[PDB]
Structure formats: C-alpha cells, structure tokens
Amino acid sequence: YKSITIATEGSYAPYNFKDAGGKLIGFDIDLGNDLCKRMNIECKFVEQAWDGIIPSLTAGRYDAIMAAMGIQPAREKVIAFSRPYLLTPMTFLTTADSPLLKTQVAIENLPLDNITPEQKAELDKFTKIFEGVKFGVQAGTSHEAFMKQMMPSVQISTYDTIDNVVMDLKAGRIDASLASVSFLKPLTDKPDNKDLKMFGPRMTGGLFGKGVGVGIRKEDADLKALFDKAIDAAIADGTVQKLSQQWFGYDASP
C-alpha cells in the first residue's frame, strides 16, 4: 500500500463532523491520519452518507471506514474490522425535566453477551417504563437494532442523522433516544445542552458488539494487519488516550 481512501460520515460529533470551513474533523480524522503515518501510507478522508457506507466499501469505492462504527455481529457478516480503537457503553438520553430521570437503575453496568434473568428483569422494567414514550434513533445503528430486537413494544422513529434525532428531542417531537456514552457525554457536557440528560443502565455487548473499529473488506487481510499493528502502537504510546481526552473530554481508549 502507498495510499488509502477512508470514508467517514461527517455528522457524528466528536468522532466525525465538519468545521466552520466545511472540512472533515474529529477523533476519527485525527486517529485515521495518525494510524496512516505509522503505516507509512498517504491518507485521504472522503465524505459518505451513513446509509450506504458499508455497500460502498464492499463495492470498492474506498479502502476503509472510520465513522464511529461499532464492531457488531450483523456488520461482521459483511465486512472485517480492525481491533477496537475505542470502547464505550450505551445509555439513554432524555430532557432535563423528564419524569424518566426519576427511574431507579438496579443494574448500573449491564453486559448483554449473555442476558441473565436478573438482567432481563431490568431490560423488561425499562421496556414497560418506555411504553408510551416516543423514541428516536439514527437508522442503521446498533441503537436501532437494540430497540427493534430488545424493546419491540416501544414506539421508535428512525432518522438519517443523529443531528436530526437531537433536534427532534430538543423540539419535543420525540421523548428519548439511545446512543453511546462517547457520543452522549460530550453532547450533554455542552452548556448549550443543559436541557438534555443521560439516564438508565450503561449497556455493553450483545447486539452492540465489542468496540469501535476500522471497517475493512474481508479479502483485505494485509490492510487489517497494518491497521491492527498501528492501533496497538497508538494505544501503547498513549496517542488514543490523548485524542480521546481532546475530543470526548474523557478516556475511552481500550
């Protein structure tokens, strides 16, 4: 390899978004550039809509995906992933005045690879509390997959971008959402978003998968090995921790 093209969405701050001049910026961009430097390969970031990001990779329109993409079982059937470059649990989001905020959380950290009867009872509690609550999620995410498979009785609306989910939640068109702590903590840390709050268990595993990784075609075994070596080195020297703190305001590095 001499040069690679990496696709990103550009609508998922602080992973990948656009600055004042319309340039692609964020954790995924800074990390992507750092990894390519370690691999001694020219880096080119391209904007690609979330809907179609995976089929455009398999069609060979670019070499990789760095777009806050979770390493999840459904995606693993289609593409390969690098080892994770960020780890994050999932949690719920609502408004600061919502009665949903008064809900008792019996299980703070909820791993879903295996669901015990106790863990199922907690999921069932939230399901019943959410019956009548209007949820919004971004389409094609593990957030959508969770709500559709784990909480099918809950009314869900799917959106093209997470920005439109947040806009509808602020306007009161939806009552709650679901996303990672890595997305929600920087969102709610903004003084702009004092009217928004995280709540509920912090979930990991199951359909959420095992970390955020670089999406690569299954046949591109060499490129995966190059990315895995670069990620191991970027984690080891504290580069991932440094970039995580810079973009997220906390350490989400593996």
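Residue indices: 1-based, along the sequence shown.
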**Message:** If you average the CA temperature factors as listed in the entry, which stretch comes out higher, 57-65 or 41-49?
**Reply:** 41-49
**Prompt:** Mean C-alpha B-factor higher for 167-175, or for 146-154?
**Reply:** 167-175
**Asked** Of 225, 196, 214, 203, which one's C-alpha B factor is largest in the deposited record?
**Response** 225
**Item:** Position of residue 244 among the chain's modelled residues by C-alpha B-factor, lowest, middle or highest third
**Value:** middle
**Asked** Relative to the other modelled residues in the chain, which third contains the C-alpha temperature factor of residue 191: lowest, middle or highest?
**Response** highest
**Prompt:** Relative to the other modelled residues in the chain, which third contains the C-alpha temperature factor of residue 218: lowest, middle or highest?
**Reply:** middle
**Item:** Where the record places residue 102 (Cα B-factor, split into thirds across the chain)
**Value:** highest
**Asked** How does residue 108 rank on Cα B-factor within its chain, lowest, middle or highest third?
**Response** middle
